[PDB]
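Worksheet: the structure to be examined is printed underneath.
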Amino acid sequence: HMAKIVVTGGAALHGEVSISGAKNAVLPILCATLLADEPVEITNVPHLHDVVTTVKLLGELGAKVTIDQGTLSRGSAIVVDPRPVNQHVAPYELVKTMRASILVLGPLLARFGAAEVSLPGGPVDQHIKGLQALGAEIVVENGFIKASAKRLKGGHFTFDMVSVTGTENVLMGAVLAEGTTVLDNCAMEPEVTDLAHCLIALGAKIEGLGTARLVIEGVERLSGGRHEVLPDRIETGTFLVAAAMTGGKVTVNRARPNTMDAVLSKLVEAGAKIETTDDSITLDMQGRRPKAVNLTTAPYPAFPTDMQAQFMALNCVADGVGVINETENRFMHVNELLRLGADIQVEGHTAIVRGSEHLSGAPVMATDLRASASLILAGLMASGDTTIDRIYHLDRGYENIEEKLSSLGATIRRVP
Amino acid sequence: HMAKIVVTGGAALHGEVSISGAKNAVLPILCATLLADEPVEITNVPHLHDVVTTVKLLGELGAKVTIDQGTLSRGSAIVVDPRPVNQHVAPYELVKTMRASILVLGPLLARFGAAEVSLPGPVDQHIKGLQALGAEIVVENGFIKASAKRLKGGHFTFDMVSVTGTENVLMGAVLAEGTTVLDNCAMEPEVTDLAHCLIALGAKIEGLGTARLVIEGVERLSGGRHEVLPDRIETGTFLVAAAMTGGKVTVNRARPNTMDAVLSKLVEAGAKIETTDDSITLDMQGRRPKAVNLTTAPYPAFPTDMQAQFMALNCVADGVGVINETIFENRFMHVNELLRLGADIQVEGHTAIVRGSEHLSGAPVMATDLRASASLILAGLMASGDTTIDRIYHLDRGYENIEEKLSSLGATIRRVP
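In order, the protein sequences belong to chains B and A.
Going left to right, the first sequence walks through residues 0 to 121, 128 to 332, 335 to 423 as PDB author numbering numbers them.
Going left to right, the second sequence walks through residues 0 to 120, 128 to 423 as PDB author numbering numbers them.
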């Protein structure tokens, strides 16, 4: 099932917007509330199907959860009371739709000494091996991961492959373990660091933040408290790119600029004038078209692959030639940009984009986030109307990018 | 969206079923009707979303199409009148939902001297092959735009084997001026079935079933009739279901000489098998299946599209079976669901080791792809109690869901919306 949005191109974007929290921060953070003694308020929560599922999962585990729904200008506020949690078995009927559900394994094991989570549909060894390094007995039977541990005990563990959710799950197991834990080859994404910041706010002792080596001094209990989820750096970048490629001027509020260095530096190369505070970013093109940019995606803190499709759209309308290097087949959106008249040639992992002033609106299809963000952005400058058919599960309502782009002067409408 | 299928396991299957046509035969064959001067009747047509889309596409190009809907025992009959066809540009709104839409490029180009098809959401063998026949082809604004006053016979070698590439270029060659030789062609029986159809309409093609097709171009294709090749994968699925429940089934309107590798593997599992010119009878004579070993390989060797079903068979068989999947890239998606039923499966790279068991127990499982669906339904036939399969909406083929024909063989399966 597919609804349409219709973009009328041409206008420079002007105004201010705010973004909400990053998905890969909020999901483990919601699971971490199971570790706490008192209620925990999580603010800046985005609207995502996975957030809704996780809230439902916490409730079925026995937590009392309330949701103050977010708006265009602020994320949701979720209060989790973990005290009445009385289940260590995660229900398959909910878990089966959300791979992130593996993130309850660490907390439930630490809180209850036992935990059961279904194997995902479709990797998992880093979670099992890492928790075993803390002394858990873990077996897989009948498609369930079954874990038990009288008392988790600090130890040394090195990840074989870098894993964001692996790092998070083992970290949550370590904060209440007896003694000191050292994890090597940890994921370094800011979403991991935001989880660690949340745990510290609740009483955890973690050193080495932002690096591949985390040192955890186990404490007996975590308290309740409050945590504002790290702003979504990908959303922030998307609005900055949309401002840049329309020759406009936008200010993004409640941002976290020190998670965006590589992106902001690339926008400067495109001709943007950028100022940053401790919580805002202002981009001003001063009436200029963007210059085409070259980029290569690389692990954080280098240029993020999750911004590549958006910069490709920028290059499609920029002055000059831009070469994009993708280090997985990450160019599904190319043929859709070609329907708009873009000049893109793909050679292996490299896309060469020659920018043009003559993109023309046409019907296009978006079946994933990359196609969606890139096609909406291209639509902002294509002549006439771009009609984007988007798959149903991408719909985020008030946090669809087109809703905030409209508030910046774009002409975009949903046509069911 | 997810409907539920509930299987009660245990019963040996007995009876007869018939299967309808293979998808990868019917789709190019429907497109081939654009080449003809008179109406063409296509029989044994399966119910598939792509068939529905292709019928719509032909109508939007200007053909007049009628459908007599198939049943459990007979595929559909479609009559295509290509005479009023008046469009060489395939509409994006329809094309965008079906990658197989590229198969109108060759026919429209040959009939009209021009054709435009949207890029899909690879394609190079189709473009290069038609260029070898003298077509001018460019890609602009996301459309493949081809033109040729007159296609001309030539030589072309496919860089990699392409089923739909072979089909599209073949359709361009049959009305070309002069003689064409295509090398490194796909050898799947569905390709050969398209060639049989073209010959029935007047084409001259030699080398059927081989990597080299030799085509003497003719001036016109006539109208006529073609019965689509029976689906060998559906045939195998029902034979496997009979084998693993210890039953006895006859599959009617079969094409046994497209099934050699599958029948040989079922013999290895303990099946007693007879074949006529159009039927297959499998009899387990009250035995549990023996575990089998297999390595998927290009036709006519063991087909990857039968691998998940034989994995389910091995889950309930006597012994250990080694299954090596070297073709299907996203492999073994169904393994973790089979584990929820109690199966004993270990995976090492591209190889799964299955120790069969009499102790599979029904449980909730999820099927988001054809392999998961077929393997979980089959395993559900023998697991104790009830297996509850959540299946994604786009797999629903209604009366051609395998569970509908399995029910007619004594299975207890019900749809629970």
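From the three backbone atoms N, C-alpha and C, an ideal C-beta is built for every residue, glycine too.
query, result
"Spatial distance of residue 245 of chain A from residue 80 of chain B (CA atoms)", "55 Å"
"Closer than 8 Å to chain B by CB, residue 120 of chain A", "yes"
"Rounded distance between the beta-carbons of residue 134 of chain A and residue 144 of chain A, thought under 8 Å", "Actually they do not touch by this definition, with Cβ atoms about 13 Å apart."
"Spatial distance of residue 417 of chain B from residue 5 of chain B (CA atoms)", "11 Å"
"In chain order, each beta strand (DSSP E) run of at least 3 residues that lies wholly inside the segment 74 to 104 of chain A", "75 to 80"
"Alpha helix (DSSP H) segments (min. 4 residues) lying fully within the segment 161 to 242 of chain B", "169 to 179 and 195 to 206"
"Environment of residue 393 of chain B [buried if 16+ CB atoms lie within 10 Å]", "buried"
"Residue-level contact to chain B via CB, residue 91 of chain A, 8 Å cutoff", "yes"
"Residue span of the alpha helix (DSSP H) that contains residue 137 of chain B, given as start and end", "130 to 137"
"Test: residue 346 of chain B CB closer than 8 Å to a CB of chain A", "yes"
"Assigned exposure category for residue 311 of chain A - 16 Cβ within 10 Å defines buried", "buried"
"Inter-stretch contact at 8 Å, needing at least 3 Cβ pairs: the segment 239 to 259 of chain A / the segment 283 to 290 of chain A", "yes"
"Residues of the segment 131 to 158 of chain B with Cβ closer than 9 Å to any Cβ of chain A, in chain order", "145, 146, 147, 148 and 149"
"Distance, residue 26 of chain B Cα to residue 49 of chain B Cα", "8 Å"
"Chain-order list of residues whose beta-carbon lies under 6 Å from that of residue 280 of chain A (same chain, five-residue window excluded)", "287"
"Contact between the segment 101 to 109 of chain B and the segment 61 to 69 of chain B (3+ Cβ pairs under 8 Å)", "no"
"Where residue 372 of chain B meets chain A, residues with beta-carbon distance less than 8 Å", "95 and 120"
"Near-chain A residues of the segment 246 to 266 of chain B - C-beta to any C-beta below 8 Å", "none"
"Alpha-carbon to alpha-carbon, residue 120 of chain B and residue 399 of chain B", "21 Å"
"C-beta neighbour in chain B for residue 342 of chain A, strict 8 Å", "yes"
"Cβ pair count under 8 Å reaching 3, the segment 294 to 312 of chain B against the segment 189 to 198 of chain B", "yes"
"Simplified DSSP state of residue 370 of chain B, which is helix, strand or coil", "strand"
"Under 9 Å (Cβ pairs) to chain B, residues found in the segment 183 to 210 of chain A", "none"
"DSSP three-state assignment for residue 396 of chain B, whether helix, strand or coil", "strand"
"Through-space distance from residue 255 of chain A to residue 211 of chain A, alpha-carbon basis", "37 Å"
"Test: residue 166 of chain A CB closer than 8 Å to a CB of chain B", "no"
"Beta-carbon spacing of residue 357 of chain A, residue 333 of chain A below 8 Å", "no"
"Interface partners of residue 339 of chain A on chain B, CB under 8 Å", "120 and 121"
"Contact under 8 Å by Cβ, residue 21 of chain B with residue 236 of chain B", "yes"
"Rounded straight-line distance, which links the Cα of residue 199 of chain A to that of residue 166 of chain A", "21 Å"
"Inter-residue CB distance, residue 3 of chain B and residue 268 of chain B (contact presumed, cutoff 8 Å)", "Their Cβ separation, rounded to whole angstroms, is 30 Å, which puts residue 3 of chain B and residue 268 of chain B out of contact at 8 Å."
"Beta-bridge pairing of residue 354 of chain B - partner residues as DSSP gives them", "B/357"
"As assigned by DSSP and simplified to three states, the class of residue 288 of chain B", "strand"
"Backbone CA spacing between residue 349 of chain B and residue 370 of chain B [nearest angstrom]", "14 Å"
"Three-state secondary structure (DSSP) of residue 72 of chain B", "coil"
"contact_flag[the segment 153 to 169 of chain A, the segment 183 to 190 of chain A] where n(CB pairs < 8 Å) is 3 or more", "yes"
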